[PDB]
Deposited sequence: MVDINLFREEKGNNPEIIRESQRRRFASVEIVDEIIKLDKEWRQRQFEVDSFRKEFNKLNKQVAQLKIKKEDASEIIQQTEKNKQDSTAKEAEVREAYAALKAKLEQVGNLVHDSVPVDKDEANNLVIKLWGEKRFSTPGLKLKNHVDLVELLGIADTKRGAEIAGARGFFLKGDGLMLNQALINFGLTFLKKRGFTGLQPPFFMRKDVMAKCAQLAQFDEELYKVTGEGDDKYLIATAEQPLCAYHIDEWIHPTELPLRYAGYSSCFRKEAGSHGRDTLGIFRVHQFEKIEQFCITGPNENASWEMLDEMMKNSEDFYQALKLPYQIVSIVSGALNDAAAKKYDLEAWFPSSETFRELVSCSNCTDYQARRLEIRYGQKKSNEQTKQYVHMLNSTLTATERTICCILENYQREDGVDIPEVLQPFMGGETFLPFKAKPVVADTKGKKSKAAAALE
């Protein structure tokens, strides 16, 4: 949630302007201003009873009916705390729905057709006139590195096995990503692949897991457990910035026969926590964006950075970039990376603390969804008779250079 102080004392015109930019409710800001003021007034009058009480208890100099005022007082107050219960619950219901303050540099439009292209990199391959550069779907079958039929019979729709060199490629990319980030100051973390309902609730298009205790949800992304990692804690300025390289399998109900659009996949994730103060998070977002650029440059996959339009931003994100990579057979760019500064949105929900009441800023950024990355590698590196192996990944398959059809 955003800071409720942003609605007190154009203090709230900044929340409104942000709501306009999201193409979302602007009247809710007024709903929140009433509900904050009533929550505030009920808290004040509970303070007033604790003040009338002590100023009644220290009225005993009389040396009868004041003790009756004290009887009533303590019954009048004990009711108003459950009105503070009811006011705050109403406030949080609405406050929750407000998106994070959209940063000034974000292109203000409603549809991702108008995402601002900010950077191109790499020379692209195009299908010559005779016959198509093959698509990742045909490449996978030709190379024999997934079993999509069998995985579908075993796991239902969109299920697959990795087989032979698909599994070495997948591990190749994971290990290259993990050492890549380790070099650049990151500490690895593999989370549990499921979370307690009540913890996922603060970080139902996730799979549900029953049960040893609590019903649990399968994580859609390592972002979710690393988010919760550090819940309720303080973090000392001296600890920050924190850089974690998240690694997990991921599970998505919405996978809208190949290996790009699937229910289960592996992901390496950058996740960083900074202090809130001197554009540290904004500096960190550029650092995370450079780390991702370098990795696809290292893989020699062409791409474009787009900045995401304000009406397409999720609630947590003040600002977001995608790196969409070139896919030769369709001659289209496709998302391989998203990179968001969520500032204190999640940190205020999770009580991740930093005279002044401060919170940490949190960011996240895909390095690689490995199955997708592989689809992109396959298309880009294909030949008449098979697919070359990206040179950075050759050591991590010590040291094959080529996977052959058929």
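Novice: So, counting the deposited sequence from position 1, which segments are absent from the coordinates?
Specialist: No C-alpha for residues 10-12, 67-73, 214-220, 274-279, 378-384, 437-456.
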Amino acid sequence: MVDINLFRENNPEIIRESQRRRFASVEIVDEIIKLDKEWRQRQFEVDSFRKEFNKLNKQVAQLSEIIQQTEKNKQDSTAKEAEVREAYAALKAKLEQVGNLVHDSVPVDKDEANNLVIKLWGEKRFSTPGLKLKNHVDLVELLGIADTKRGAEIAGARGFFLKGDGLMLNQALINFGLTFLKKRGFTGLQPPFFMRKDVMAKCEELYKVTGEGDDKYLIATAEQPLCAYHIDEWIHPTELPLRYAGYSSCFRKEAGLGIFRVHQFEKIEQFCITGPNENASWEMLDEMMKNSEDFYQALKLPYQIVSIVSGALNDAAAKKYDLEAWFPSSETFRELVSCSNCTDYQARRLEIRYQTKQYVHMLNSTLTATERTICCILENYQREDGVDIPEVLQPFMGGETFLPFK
From here on, numbers count along this sequence of modelled residues.
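Novice: Identify the stretch, either 73-81 or 164-172, whose C-alpha atoms have the larger mean B-factor according to the entry.
Specialist: Here the higher of the two C-alpha B-factor means belongs to 73-81.
Novice: Mean C-alpha B-factor higher for 308-316, or for 231-239?
Specialist: The entry gives the higher C-alpha B-factor average to 231-239.
Novice: Highest CA temperature factor in the entry: which of 269, 96, 286, 324?
Specialist: Comparing C-alpha B-factors across 269, 96, 286, 324, the maximum falls on 96.
Novice: Among 343, 338, 368, 54, where is the Cα B factor highest in this entry?
Specialist: Highest CA B-factor of the listed options: 54.
Novice: Split into thirds by Cα B-factor across the chain's modelled residues, where does residue 381 land: lowest, middle or highest?
Specialist: Within its chain, residue 381 is a lowest-third residue by C-alpha B-factor, going by the deposited values.
Novice: Among the chain's modelled residues, which third holds the C-alpha B-factor of residue 108?
Specialist: Ranked within chain, residue 108 CA B lands in the lowest tercile.
Novice: Once the chain's modelled residues are ordered by C-alpha B factor and cut into thirds, is residue 18 in the lowest, middle or highest one?
Specialist: Lowest third - that is where residue 18 ends up once the chain's C-alpha B-factors are sorted.
Novice: Rank-wise, by C-alpha B-factor, drop residue 334 into the lowest, middle or highest third of its chain.
Specialist: Within its chain, residue 334 is a middle-third residue by C-alpha B-factor, going by the deposited values.
Novice: Going by the recorded CA B-factors, say which third of the chain residue 192 sits in, lowest, middle or highest.
Specialist: It belongs to the lowest third of the chain when residues are ordered by C-alpha B-factor.
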